[PDB]
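Asks: Protein chains in written order, with the working numbering: chain A, 1 to 409; chain B, 1001 to 1410; chain C, 2001 to 2412; chain D, 3001 to 3410. All C-beta atoms in this analysis are idealised placements derived from N, C-alpha and C, irrespective of residue type, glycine included.
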Amino acid sequence: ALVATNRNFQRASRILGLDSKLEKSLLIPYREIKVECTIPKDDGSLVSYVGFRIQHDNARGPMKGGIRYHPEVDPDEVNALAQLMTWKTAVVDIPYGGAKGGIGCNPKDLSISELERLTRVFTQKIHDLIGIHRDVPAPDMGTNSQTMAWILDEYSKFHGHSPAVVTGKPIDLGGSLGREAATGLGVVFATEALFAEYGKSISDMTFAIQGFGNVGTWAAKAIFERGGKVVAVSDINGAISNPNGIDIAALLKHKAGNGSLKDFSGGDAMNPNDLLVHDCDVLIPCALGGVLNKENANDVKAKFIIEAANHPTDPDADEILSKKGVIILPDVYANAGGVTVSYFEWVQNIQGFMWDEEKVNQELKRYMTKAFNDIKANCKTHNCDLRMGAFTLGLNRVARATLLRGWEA
Amino acid sequence: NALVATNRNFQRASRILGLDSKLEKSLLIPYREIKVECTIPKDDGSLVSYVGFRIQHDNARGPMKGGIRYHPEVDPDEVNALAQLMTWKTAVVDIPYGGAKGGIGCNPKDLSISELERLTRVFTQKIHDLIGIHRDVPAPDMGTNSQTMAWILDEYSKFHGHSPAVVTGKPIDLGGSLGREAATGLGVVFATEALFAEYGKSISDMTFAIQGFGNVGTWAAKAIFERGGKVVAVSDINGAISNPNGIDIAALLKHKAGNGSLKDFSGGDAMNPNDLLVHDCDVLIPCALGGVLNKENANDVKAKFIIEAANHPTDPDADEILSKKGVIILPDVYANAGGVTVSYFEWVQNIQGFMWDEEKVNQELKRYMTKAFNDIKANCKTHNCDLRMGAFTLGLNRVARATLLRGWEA
Amino acid sequence: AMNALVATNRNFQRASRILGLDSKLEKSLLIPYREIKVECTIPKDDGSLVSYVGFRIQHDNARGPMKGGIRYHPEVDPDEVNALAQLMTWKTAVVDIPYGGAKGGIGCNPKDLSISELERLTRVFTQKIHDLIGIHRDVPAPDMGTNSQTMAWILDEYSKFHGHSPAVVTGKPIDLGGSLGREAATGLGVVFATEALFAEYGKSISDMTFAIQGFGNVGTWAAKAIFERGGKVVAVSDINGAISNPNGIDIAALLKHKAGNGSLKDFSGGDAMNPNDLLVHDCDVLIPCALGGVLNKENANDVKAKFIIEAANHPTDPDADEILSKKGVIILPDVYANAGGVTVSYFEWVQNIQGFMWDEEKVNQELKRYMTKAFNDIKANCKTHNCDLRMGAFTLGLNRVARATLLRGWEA
Amino acid sequence: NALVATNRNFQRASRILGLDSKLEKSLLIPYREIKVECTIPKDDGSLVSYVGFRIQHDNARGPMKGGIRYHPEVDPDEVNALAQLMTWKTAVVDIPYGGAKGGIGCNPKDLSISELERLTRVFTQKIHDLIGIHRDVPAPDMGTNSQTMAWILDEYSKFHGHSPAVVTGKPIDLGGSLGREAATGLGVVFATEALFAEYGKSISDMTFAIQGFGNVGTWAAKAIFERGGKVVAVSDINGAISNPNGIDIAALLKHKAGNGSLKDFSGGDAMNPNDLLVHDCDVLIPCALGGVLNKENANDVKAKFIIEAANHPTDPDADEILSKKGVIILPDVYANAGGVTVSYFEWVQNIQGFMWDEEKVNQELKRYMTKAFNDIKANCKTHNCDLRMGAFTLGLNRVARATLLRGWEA
Ligand SMILES: NC(=O)c1ccc[n+]([C@@H]2O[C@H](COP(=O)([O-])OP(=O)(O)OC[C@H]3O[C@@H](n4cnc5c(N)ncnc54)[C@H](O)[C@@H]3O)[C@@H](O)[C@H]2O)c1
Ligand SMILES: NC(=O)c1ccc[n+]([C@@H]2O[C@H](COP(=O)([O-])OP(=O)(O)OC[C@H]3O[C@@H](n4cnc5c(N)ncnc54)[C@H](O)[C@@H]3O)[C@@H](O)[C@H]2O)c1
Ligand SMILES: NC(=O)c1ccc[n+]([C@@H]2O[C@H](COP(=O)([O-])OP(=O)(O)OC[C@H]3O[C@@H](n4cnc5c(N)ncnc54)[C@H](O)[C@@H]3O)[C@@H](O)[C@H]2O)c1
Ligand SMILES: NC(=O)c1ccc[n+]([C@@H]2O[C@H](COP(=O)([O-])OP(=O)(O)OC[C@H]3O[C@@H](n4cnc5c(N)ncnc54)[C@H](O)[C@@H]3O)[C@@H](O)[C@H]2O)c1
Ligand SMILES: O=C(O)c1cccc(-c2nnn[nH]2)c1
Ligand SMILES: O=C(O)c1cccc(-c2nnn[nH]2)c1
Ligand SMILES: O=C(O)c1cccc(-c2nnn[nH]2)c1
Ligand SMILES: [Ca+2]
Ligand SMILES: [Ca+2]
Ligand SMILES: [Ca+2]
Ligand SMILES: [Ca+2]
């Protein structure tokens, strides 16, 4: 997370020839905030936490980023996550900068009313630092749409009804349709555009998918409905194989009945540790980072790797897979459908008028497609891989937004 | 009035949802009640003092919305019920507002046009800090009109900058929306179409008797007529006209515009207005007054559908009698919501800085009335209740879950 | 209470006639600037919901920010609450402090609520009205059912919305900007007003005997302040008993006796008395400091005092007023006599507005200046209108609010 | 050093108060910590980027107060300890402030005066929403001065209007207070009068040795001299001068102003500066550095009183040794508080829109220092502790009382 973002920035920065003093400024966050969050517990005794918000950059618009309720709050990693938000939003051309915040706590130690009091106190402590056009939080580790409802409710006492102050809200409070499928569907839209470069379609390819959660389930469904052959799916408990393509609609039925993959009758049970070296045209890691390293890299038999999980390829595998002719669609772009639909929720709220799910998906496609074209165009200016096309694209957009605004007081 | 009807429907819907009684109490208590002194100098230099008010009932689902009445009758419980009714109505058609109701206890016909302007501006000065484009958005009502709203807009904007969305019902020249005059009558016809689609039928299959021929009745009849429905009977306060082959509503409208009276229309036969509700037809549409259907005449109703365009036309006796006769009643809280819906669209257009054409207003109105009927119908399935309770439980449940999601900690 | 409604109405109508108030101006002065009711819902300590209605009547602000208490009390009759807010508008005008009147509260019984429920309720109430109050808009204060701890919570909650705002509320703890001199303010103000009254006759407090009904916050300090000025306190009663001494009670010793949980009847430096004879006791000066409605037609003819200082609110009903008047009894009216408390409350606001607290000698020096100036104005008014002291005070305050209103004007 | 001394004194005072451990955790966590990018163009057109910061420790007793340091070393733990020490110090002399501390990691010698102005204004733009007359009131510190404050005032006022009280230490021409230069040294002498009055003694009864002759030492020496005290020894970084009759401080000041060195003054005998702390006197006043009294020289101190004007001059080893010899030590947290106290008076005068003359400033400074000593001594009686713990328990408890009164519910 930390180490990948640092290296990718340094690689992209040298490709762009970034001015060293501009680079220094871009690395310094706009603002770092730490606040006391003290609440009474349900039994009346006090507990005290520190909440935080790193606001990295706002050259391209309000800041955007999750709120983590999690006990590990290493400042360098939180800073890297906020920077990564700044580059990711710039890659897909949404008008935001990057931020990241949270509270150093373990939510599983706290009752639902304690979580509410903690969230409202946190909002009271930062209400003057966020805002619909200033900094727009979202769920992350340890928070969810109920958390956002509390932030919305508390913030609105200080500034009036502000549905756009936060994304990831319950539908009943201005949340957007289409959020659940956003990332998985965005993966497939990105893949459509990539394959369009070869005049090929998803229906021409076979797919192996590692991980079968929110990203994995929706990606498989969208691939299956577009004629792709999902020939292998794994998750943490097992794996299933079918050289003629698994009936993914039927597989999802089985999963919903609390069944395990290997027990599916429309395929052959498989060892999950064989999923990455499986023979297929396209590999899509949707589980964990660091699954591709120097060890297994030569044994990957896929022609395309769609990085849906964050950082599944360490630099060792990247170099190895590159020379073999493997094309890797990078994580900062490939899984960006979620943050993109989060932008649409914000847009729908500032417009006072919600979109239907078909409009959400039409705009998601338009944004993911125009983003791939811009990445590919950058790869053609700098003669670099797709990962560097994306990072130079985002880094340059932040840089020239920063330069246009200027430096005088 | 509207108070007995609203309290009864709230209590029935509350029992069906199994609403927690302490949540129920909170939903009944208005967010805020305001009364302000409104004193103006008259044209002749003397002083007069009135009391203005704004009941802000609920804002769990969004900014409050509601009319301003210039009227001498300011009973607090009735005004509370009207504000409460707004909260449920906006929830029924899924527009992101809560309910409010305000006004000034005065008789507008005792005031000259300049006295009315000074009064409107003073009221705005006294409440400007309590309203706003995302807080509470007033609209016309009894005794006020689009000119009143222009004055509120102009005075409010001195305190907060140009804010066309602070009020709806504006003149077209100041950000008012197209499609407002037809909104309610057309919304009734969209609602009636969606109901008939449940039976695979069309408006063109039906005959219609319409009580009332004002802003709602004229536009409802026009929209029915242009869709091939047969409007066989129309009444208003002075008479009624009948034609079993369908009245030519286009000609009836020209007649009304030419200062004509219903019973003098030659393309039909004069009728006793008291025969309207018991007339032989498929669809009855009260568009005039409340309380017209009671235990006396309910058993004499000969229609299969009743589309409630006026507010509270069926008292509980008739609702009972009509149900076990197989009569299907589309409830007023939903059927006439086209007006409040286009009022929302005007706000949306102002918020978006860009007006819609009338085709777009009516396409969205249709989408909103249709999606609302489907949601009502789905509720009927889950709760095994009629359309009136499907609608009230839908709106009440939406307000309750917005409230529960927002929470209670300080 | 109910007596405050009837008394405030009668006094307003009487003063309005003496002044010849224009009836449309009078109609406007009776209509409050603003009436607010808000939902106040909180979780109880057990997690269940409870819902109350809070309210704030903002009667008048022609002369400055509104000022008035917050009552946590179950009886919230609109006409009475309205009368109380209006009474504050007249009271602040009588002593020339730059406030209008307001009155607010929550319909609840505080004894039913734990300290943590009361805090949550207070903060929610503040969240619901923070935009309607303010240091130069409306400044609440303690009242029935609230105290300085309640004010600390309002201050803490209000300041989240507007920054640290110590002047938004008076009656605060000393630790949070409260003023010195609050405890003695009303009783000490009573004695200052009495000094000014007796000066008209070339007499001083050391010349008089005093009978005092009630021995709480007002009665103890008034008796103490009289005693230190050489007045002879010959009778004191409270709800449980009474003590008399025609030579004067050693009030310093009486106060020590009370502080040790002693009863007035059991005091050794006097003779026990029937409390029902306190008002007809043989003295120069009678000071009701307990309850309203104590002087009526039954007993007015038997009052032996030549001066009665109304420290409690409305202790004399209209029947006794007429009877005492024709007997030559001079009545210093409650609206003025007990105004020391609200005056030091203004001083707290002033100290917070100035960012710099006064010492107690300064507070009291100013309290005396304000009560003495106020008496001179009341007396001057009695000269021009040829009326008793009660109407001197009401016409003074009513006229000041009227003139502030007329100067501000009526055009939008 | 401020981190280990402040932590040791807090923990000791907390154990004396029986402070609840969960309250103590809250009191140690700062209200808010801010870091902001401060980038400016240099005079030559190139860019430079610094990090500005503001630690806002506590505001239970009032707006935050604290200096702004332009200095390259910005250790977070040291800056937190300084902001927290401010919170206790303001509570000890009972001024209505909490503690804060901020600055910019830069070397002001590397920057021209116009670059320093732009940097100050950029810093102000980045934090204007976090400071304010009733929120957080900065002041000069290392590397900043009254010209820096004028720039902050000037830039802040573009965002919130003319706000003279947003910063203290301003030039006299822009709302600064009279009496600010002498404030600390004069405050030291007021504190000493209050202490000596407990013994029925006066300053004129005592002999004084002063280490350091800067802004604190010169004014304390002057204020002692005008009260009949005998200043028998003075040192600074380059030398020392001695006179058991009492040095003519008026002449010594005039010598210093004429660019003279202590060892070259003729109205005394030149002395080794290393002998100042062991000089023969009743009262020793460290006004130079911390850590000058330790176990090595503590047994050799001949004074009966030590007035801590410098910060942390006595380590715990010497404090132990001196107390067992019967030495009374007036603690730094109180003794040197005249500077912060007059800074409060500047803020007061600004919010009152009307400046005081220097007579009134010094009169109020004396009243504040006198009442603070009385409160400290009362605390010593209550807890049976020395003056240092009398002062810290006083300040810590006042902050604890204010946060407990304010409460914890959301
Ligand atoms: N959901 C989003 O909006 C989003 C956006 C950007 C990136 N991502 C990335 O996508 C990845 C997955 O996100 P998600 O929401 O689908 O998570 P999820 O928890 O919904 O699903 C994770 C899936 O991976 C499987 N898995 C876990 N450990 C595994 C292991 N060791 N080997 C194989 N399979 C394993 C799980 O069983 C599950 O099927 C993460 O890297 C995340 O950072 C998600
Ligand atoms: N216009 C809207 O947007 C709207 C919205 C919701 C509800 N409503 C309800 O619709 C009803 C009518 O509204 P409108 O705007 O069309 O009013 P309107 O004044 O424009 O027309 C009322 C019509 O009813 C007739 N009428 C009056 N009394 C009658 C009686 N006793 N018997 C028969 N006819 C009678 C009048 O002559 C006229 O034809 C009212 O109940 C109103 O509350 C209107
Ligand atoms: N305290 C103030 O700041 C203040 C200010 C203005 C007016 N007042 C008025 O002063 C009166 C007393 O106020 P307080 O603060 O001293 O009250 P308190 O509760 O502190 O004391 C009231 C006293 O009256 C006594 N008492 C009660 N019933 C009695 C009876 N039937 N006969 C004799 N004594 C009786 C009580 O025992 C007690 O001694 C009230 O009318 C109040 O409205 C008080
Ligand atoms: N000035 C204030 O407002 C203020 C307020 C509170 C505390 N203090 C503390 O007072 C002390 C001095 O402050 P100041 O403003 O007078 O400083 P200053 O820089 O104006 O003067 C310091 C003096 O100490 C002398 N000195 C330096 N090192 C010395 C050494 N090793 N031996 C002997 N003398 C030495 C210098 O020569 C000079 O005379 C510091 O500890 C500071 O933290 C100052
Ligand atoms: O009168 C109200 O309370 C009110 C408030 C907002 C909109 C509408 C409306 N427009 N058309 N029909 N109703 C009415
Ligand atoms: O009750 C009020 O309305 C009110 C408001 C502010 C101050 C006081 C007060 N203090 N002492 N006596 N009265 C009363
Ligand atoms: O530097 C600080 O923390 C600070 C903040 C406000 C005032 C003072 C001050 N004035 N004189 N001595 N100290 C210092
Ligand atoms: Ca930066
Ligand atoms: Ca409610
Ligand atoms: Ca009025
Ligand atoms: Ca803290």
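Is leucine 364(A) near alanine 182(A), with beta carbons less than 9 angstroms apart?
Replies: Cβ atoms of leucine 364(A) and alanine 182(A): closer than 9 angstroms.
Asks: Shorter than 8 angstroms, the distance from the beta carbon of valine 215(A) to the closest heavy atom of ligand 1, or not?
Replies: Checking the Cβ of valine 215(A) against ligand 1 gives yes.
Asks: Does any heavy atom of ligand 8 sit closer than 8 angstroms to the C-beta of residue 423(A)?
Replies: Outside the shown range of chain A (1 to 409) lies residue 423(A), about which nothing can therefore be said.
Asks: Could you tell me which chain A residues have their CB closer than 9 angstroms to the CB of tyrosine 3031(D), listed as they occur along the chain?
Replies: The answer, in chain order, is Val35, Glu36, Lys125.
Asks: How is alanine 1060(B) classed by DSSP in three states: helix, strand or coil?
Replies: Coil at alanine 1060(B), not helix or strand.
Asks: Measure the beta-carbon distance from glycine 2231(C) to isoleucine 2205(C) and round it to whole angstroms, keeping in mind my assumption that it falls under 8 angstroms.
Replies: Right, the Cβ-Cβ distance comes to about 4 angstroms (below 8 angstroms), so this counts as a contact.
Asks: Considering only C-alpha positions, which residue in the set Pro3072(D), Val3232(D), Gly3212(D), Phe3213(D) is nearest to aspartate 3205(D)?
Replies: Here the closest residue by C-alpha is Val3232(D).
Asks: Kindly identify the DSSP beta-bridge partner or partners of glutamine 2213(C).
Replies: In DSSP, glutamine 2213(C) forms a bridge with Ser2237(C), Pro2288(C).
Asks: Is any non-hydrogen atom of ligand 11 found closer than 8 angstroms to the C-beta of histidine 2130(C), if you look at the structure I gave you?
Replies: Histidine 2130(C): no, Cβ never under 8 angstroms from ligand 11.
Asks: Could you give the uninterrupted runs of the beta strand (DSSP E) lying entirely in the stretch 2088-2147 of chain C, keeping only those of 3 residues or more?
Replies: Segments of the beta strand (DSSP E) lying fully in the stretch 2088-2147 of chain C: 2100-2106, 2138-2142.
Asks: Quick check on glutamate 408(A) - is its C-beta less than 9 angstroms from some C-beta in chain D?
Replies: Yes, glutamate 408(A) lies at the interface with chain D (some Cβ there is under 9 angstroms from its Cβ).
Asks: Going by Cα to Cα distance, which pick from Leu2019(C), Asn2061(C), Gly2178(C), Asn2109(C) is closest to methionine 2357(C)?
Replies: Of the candidates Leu2019(C), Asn2061(C), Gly2178(C), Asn2109(C), the one whose C-alpha sits nearest the C-alpha of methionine 2357(C) is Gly2178(C).
Asks: According to the Cβ coordinates, are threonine 1393(B) and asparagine 1379(B) closer than 9 angstroms?
Replies: Against a cut-off of 9 angstroms, the Cβ pair of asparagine 1379(B) and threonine 1393(B) comes out as a contact.
Asks: Pick from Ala3223(D), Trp3347(D), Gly3268(D): whose alpha carbon is nearest that of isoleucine 3241(D)?
Replies: Among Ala3223(D), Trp3347(D), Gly3268(D), the Cα nearest to that of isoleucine 3241(D) is on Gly3268(D).
Asks: Give the C-beta separation of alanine 3191(D) and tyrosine 3334(D) to the nearest angstrom, bearing in mind that I take them to be a contact with Cβ-Cβ under 8 angstroms.
Replies: About 6 angstroms; that satisfies the 8 angstroms criterion.
Asks: How about the stretch 1160-1167 of chain B and the stretch 1129-1147 of chain B: do they share at least three Cβ pairs that are nearer than 8 angstroms?
Replies: Yes: at least three Cβ pairs fall under 8 angstroms.
Asks: How many angstroms separate the CA atom of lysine 2258(C) from the CA atom of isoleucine 2330(C)?
Replies: Taking the straight line from one Cα to the other gives about 31 angstroms.
Asks: Against chain D, with Cβ distances strictly below 9 angstroms, would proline 2166(C) count as a contact?
Replies: So yes, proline 2166(C) belongs to the interface.
Asks: Are there 16 or more other CB atoms within 10 angstroms of the CB of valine 1234(B), so buried, or fewer, so exposed?
Replies: With 16 or more other Cβ atoms within 10 Å, it is buried.
Asks: Taking only the alpha-carbon atoms, compute the straight-line gap between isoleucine 28(A) and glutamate 3037(D) and give it to the nearest angstrom.
Replies: So the two alpha carbons sit approximately 6 angstroms from each other.
Asks: So, with DSSP's three-state summary, where would you put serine 3046(D)?
Replies: The answer is coil: DSSP assigns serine 3046(D) none of H, G, I, E or B.
Asks: List the DSSP bridge partners of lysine 3065(D).
Replies: The partner list for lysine 3065(D) (beta bridge, DSSP) reads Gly3099(D), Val3137(D).
Asks: How do the stretch 2097-2113 of chain C and the stretch 2006-2018 of chain C stand: do at least 3 beta-carbon pairs fall below 8 angstroms, yes or no?
Replies: Short answer: they don't touch.
Asks: When you compare the stretch 90-98 of chain A with the stretch 50-59 of chain A, are there three or more beta-carbon pairs, one atom per stretch, that lie closer than 8 angstroms?
Replies: Touching, per the Cβ criterion.
Asks: Give every residue of the same chain whose Cβ lies closer than 6 angstroms to the Cβ of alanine 3391(D), excluding the five residues on either side of it in the sequence, and list them in chain order.
Replies: Cβ neighbours of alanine 3391(D) beyond the five flanking positions: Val3092, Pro3331, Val3333, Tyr3334, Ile3376.
Asks: Applying a beta-carbon distance threshold of less than 7 angstroms, which residues of chain B neighbour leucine 2406(C)?
Replies: Going along chain B, no residue has its Cβ under 7 angstroms from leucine 2406(C), so there is no contact; the nearest lies around 11 angstroms.
Asks: Jot down the residue ranges of each uninterrupted alpha helix (DSSP H) in the stretch 3153-3211 of chain D, minimum 4 residues, whole runs only, in chain order.
Replies: Listed in chain order, they are 3183-3197.
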